[PDB]
Amino acid sequence: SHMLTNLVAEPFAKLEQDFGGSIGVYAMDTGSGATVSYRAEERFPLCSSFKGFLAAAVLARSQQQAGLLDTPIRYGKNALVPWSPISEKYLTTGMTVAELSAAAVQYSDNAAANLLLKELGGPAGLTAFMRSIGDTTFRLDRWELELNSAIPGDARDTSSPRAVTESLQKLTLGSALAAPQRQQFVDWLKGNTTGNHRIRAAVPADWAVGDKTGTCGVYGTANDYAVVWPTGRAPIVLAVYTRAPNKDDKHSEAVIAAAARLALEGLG
Ligand SMILES: O=C(Nc1nnn[nH]1)c1cc(-c2ccccc2)n(-c2ccccc2)n1
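Residues numbered from 1 in each chain as written, not as in the entry; some residues may be left out. Heavy atoms only, no water.

Judging from the entry metadata, X-ray crystallography is the method by which this structure was determined, and 1.86 Å is the reported resolution.

Right, dumping it as structure tokens:
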């Protein structure tokens with residue numbers, strides 16, 4: 001589908017010129033097979049958007065570990081990382097593995113993320129899971145909050161919008177997860193609360209959307225990926241990532257939404 005990529009090439013370049021940074025977009029229409037690419041193979045910092053794959057990784061481990069999702073996890077005050085709005089409310093009680101996973105996806109809870117990263121063997125364990133579903137691009141290298149440095153040219157804690165999309169499609173529509181675990185992942189993504197102004201702001205009001213956002217902040221680095229379900233039609237999977245050369249460059253949610261629109265425009 002080289003035709004549709006060329007259709008939106010000039011609009012995408014004008015958008016990233018207005019933003020003053022780089023924009024990486026990949027989108028595939030599972031109803032036709034048409035794809036749109038713009039910097040889709042370049043590396044962008046994952047930021048918080050890794051927590052979606054972190055939850056899918058926990059779901060795959062629950063398959064051969066029955067009752068993993070129900071295992072209570074108690075944690076002290078030192079386990080609290082800045083921006084842990086869900087975990088700091090159960091500090092005196094604890095939470096379940098499934099609760100921590102839903103908090104990491106839907107609220108980007110950081111203490112919950114590090115607690116789950118520890119459950120999987122650290123960032124290498126999550127990287128191991130993505131390789132095991134066919135993703136050779138994804139890599140996680142550090143924990144919260146070190147993974148958010150978004151240093152120009154640093155491949156640590158990065159993936160490509162295409163690999164993100166391809167892996168998201170495998171885990172939400174393909175066979176990387178079993179039918180029970182697949183629906184829970186889609187359900188966790190559908191209930192995300194942090195993405196109202198990104199991909200969700202780019203789709204019609206009747207579309208069902210599951211997404212996970214990321215906001216390094218520095219270097220104008222923010223992102224969003226989603227599986228969107230048009231009414232009575234096959235779903236589209238897409239990923240939109242941005243970065244910028246200067247540490248104090250500001251990210252733009254509006255730019256992310258506008259990029260999600262141009263990709264849907266490219267696919268129809
Ligand atoms: O990515 C993020 N958030 C999100 N976006 N979409 N969903 N969640 C996100 C949040 C934060 C953060 C900010 C303040 C306090 C605690 C954490 N940092 C962060 C962490 C360290 C250095 C620079 C940025 N990055």
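Draft legend 1. Inspection of the UniProt feature "binding site: a beta-lactam" in the protein chain at higher detail. As annotated by UniProt and renumbered to match this structure, "binding site: a beta-lactam" occupies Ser 48, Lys 51, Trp 83, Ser 108, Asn 110, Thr 213 and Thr 215. These residues run over 168 residues, yet every pair of their C-alpha atoms falls within 14.5 Å of each other. Here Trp 83 is to be found in the loop between β4 (72–73) and β5 (95–96). Those residues in contact with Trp 83 that sit more than four places away from it in its chain are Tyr 107, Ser 108, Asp 109 and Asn 110. Only 3.0 Å separates the side chain of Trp 83 from the backbone oxygen of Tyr 107, close enough to count as a polar contact. In this structure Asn 110 comes out as buried when scored by relative accessible area, which is 5%. Leave out the neighbours within four places in its chain, and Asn 110 touches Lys 51, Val 81, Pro 82, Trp 83, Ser 84, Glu 144 and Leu 145. (UniProt positions renumbered as here; feature names shortened; annotations may be inferred. Helix = DSSP H or I, 4+ residues; strand = E, 2+ residues; numbered from the N terminus. Contact = heavy atoms within 4.5 Å. Polar contact = N/O pair within 3.5 Å; in protein donor to acceptor, adjacent residues only side chain to side chain. Buried < 20%, exposed > 50% of the residue type's maximum accessible area, 1.4 Å probe, protein only.)

Draft legend 2. Expanded view of the state of the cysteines. Taken as a whole and assessed by the stated rule, the structure comprises one disulfide. With a sulfur-sulfur separation of 2.0 Å, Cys 47 is cross-linked through a disulfide to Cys 216. Because the sign of the S-S torsion sets the handedness, a value of about -110° for the bond joining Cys 47 and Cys 216 places this disulfide among the left-handed ones. Here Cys 216 lies in the loop between β7 (208–215) and β8 (222–229) and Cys 47 lies in the loop between β3 (44–45) and α3 (50–63), a separation of 169 residues in the sequence. This pair shows no difference in class: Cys 47 is buried, exactly as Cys 216 is. (Disulfide = S-S within 2.5 Å.)

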